[PDB]
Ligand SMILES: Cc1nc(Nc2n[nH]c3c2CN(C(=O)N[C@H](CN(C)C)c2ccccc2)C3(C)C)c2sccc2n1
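Taking the form solved without the ligand, here's one chain by itself in structure tokens.
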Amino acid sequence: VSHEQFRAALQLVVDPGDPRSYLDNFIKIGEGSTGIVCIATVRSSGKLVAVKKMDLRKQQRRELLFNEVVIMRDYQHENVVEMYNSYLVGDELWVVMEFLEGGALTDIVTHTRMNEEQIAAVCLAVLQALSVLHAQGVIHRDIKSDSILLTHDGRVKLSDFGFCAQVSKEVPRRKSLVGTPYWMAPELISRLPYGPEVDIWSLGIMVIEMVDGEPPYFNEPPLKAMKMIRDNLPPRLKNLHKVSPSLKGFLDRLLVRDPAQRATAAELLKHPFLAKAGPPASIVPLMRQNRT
């Protein structure tokens, strides 16, 4: 209620036409938040682009599809996947965007071990994106290894803005239950109003992902993991013995239950731990095509 009505809304917002008129060879390479992602070949050049396809009928909250368009229009950044154009094809929204051929951090985190130079590099890049986005009222809301993307030469970009929302003077806090269970901030699961701090919490879980290979309570059912995140002290690393004190001190500024006491992305940009961050080249060996 109502599908055709909602197609009309997106039509006014999107670029006219159908990108199949310039793209060949759609190959599905995945599926995240809200739809599937394909590679396509630009017919004129042989260049590769990505196309996020999102079926209108398959969305829990169709209105959030507009967040895609809102970020395309207002928030360009080096560590944010650039989106180029959007179209309404049948009952799907297509967003032609930058192709991150290095894939998602999740493939790295599950298959190899990251050293701290590489963990810091990823953290630095994400925090660069975040502090700019946060400075402008934007909260990503689904930070985790799947939402972090890589170029072939190891550069790091935030993707997957389907769950994002804005804050400001008039609406300083959000109330929606959005994200992926295991990465969700305790205040967000608590249904208390929240702000950009939830993104910093989710980064903490991602640091855990980076050291342990998984987020905490990953074994548990989603709802049980959420309760445990809500009700207990911050979750610990399985491999605490393996981290430098520098890292532990950093991670302790992220996984703070009191959102007011939690570090902001701007504060964190100055934390000593990031001194260890290496060039995007340091991430390169981790990728599937390079590791053996």
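Throughout, rigid core stands for the largest set of C-alpha atoms superposing within 1.5 Å between the two forms. Just count from 1 along the sequence shown to find any residue number.
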- Name the higher of the two by mean Cα B-factor in the PDB entry, 169 to 177 versus 203 to 211. 169 to 177
- Query: Mean CA B-factor: is it higher for 178 to 186 or for 67 to 75?
  - Reply: 67 to 75
- CA B-factor placement of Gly162, once the chain's modelled residues are sorted into thirds: lowest
- Sorting the chain's modelled residues by C-alpha B-factor and splitting them into thirds places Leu133 in the middle
- Query: Among the chain's modelled residues, which third holds the C-alpha B-factor of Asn239?
  - Reply: middle
- Message: Please say which third, lowest, middle or highest, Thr41 falls into when its CA temperature factor is compared across its chain.
- Response: lowest
- Message: Using only modelled residues of the chain, where does the Cα B factor of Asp146 rank: lowest third, middle third or highest third?
- Response: lowest
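One more form of this protein, deposited with the ligand bound, exists but is not displayed; see below.
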- Task: Spell out, yes or no, whether the shortest heavy atom distance between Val37 and the ligand in the bound PDB entry is within 4.5 Å.
- Result: yes
- At the 4.5 Å heavy atom threshold, is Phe99 in contact with the ligand in the bound PDB entry? yes
- Query: Quick one: does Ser159 come within 4.5 Å of the ligand in the bound PDB entry, counting heavy atoms only?
  - Reply: yes
- Message: Residue-level question: is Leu149 within 4.5 Å of the ligand in the bound PDB entry, judged on heavy atoms?
- Response: yes
- Query: If contact means any heavy atom within 4.5 Å, which of 247 to 255, 263 to 271, 225 to 233, 48 to 56 contacts the ligand in the bound PDB entry?
  - Reply: 48 to 56
- Here the chain is shown alone; which of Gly103, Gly213, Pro181, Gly195 has a heavy atom within 4.5 Å of the ligand in the bound PDB entry? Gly103
- Message: Under a 4.5 angstroms heavy atom criterion, identify the one residue in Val132, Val81, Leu124, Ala165 near the ligand in the bound PDB entry.
- Response: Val81
- Task: Heavy atoms within 4.5 Å of the ligand in the bound PDB entry is the criterion; list the residues of 20 to 37 that meet it.
- Result: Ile29, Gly30, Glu31, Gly32, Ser33, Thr34, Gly35, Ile36, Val37
- Of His77, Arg73, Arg173, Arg191, which is the single residue whose C-alpha shifts by 2 angstroms or more between this form and the one not shown after core superposition? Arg73
- CA of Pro235, rigid core aligned, shift of 2 Å or more between this form and the one not shown: no
- Message: For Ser45, does the CA position differ by 2 Å or more between this form and the one not shown when the superposition is done on the rigid core?
- Response: yes
- Message: Is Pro259 displaced by at least 2 Å at its C-alpha between this form and the one not shown when the rigid core is overlaid?
- Response: no
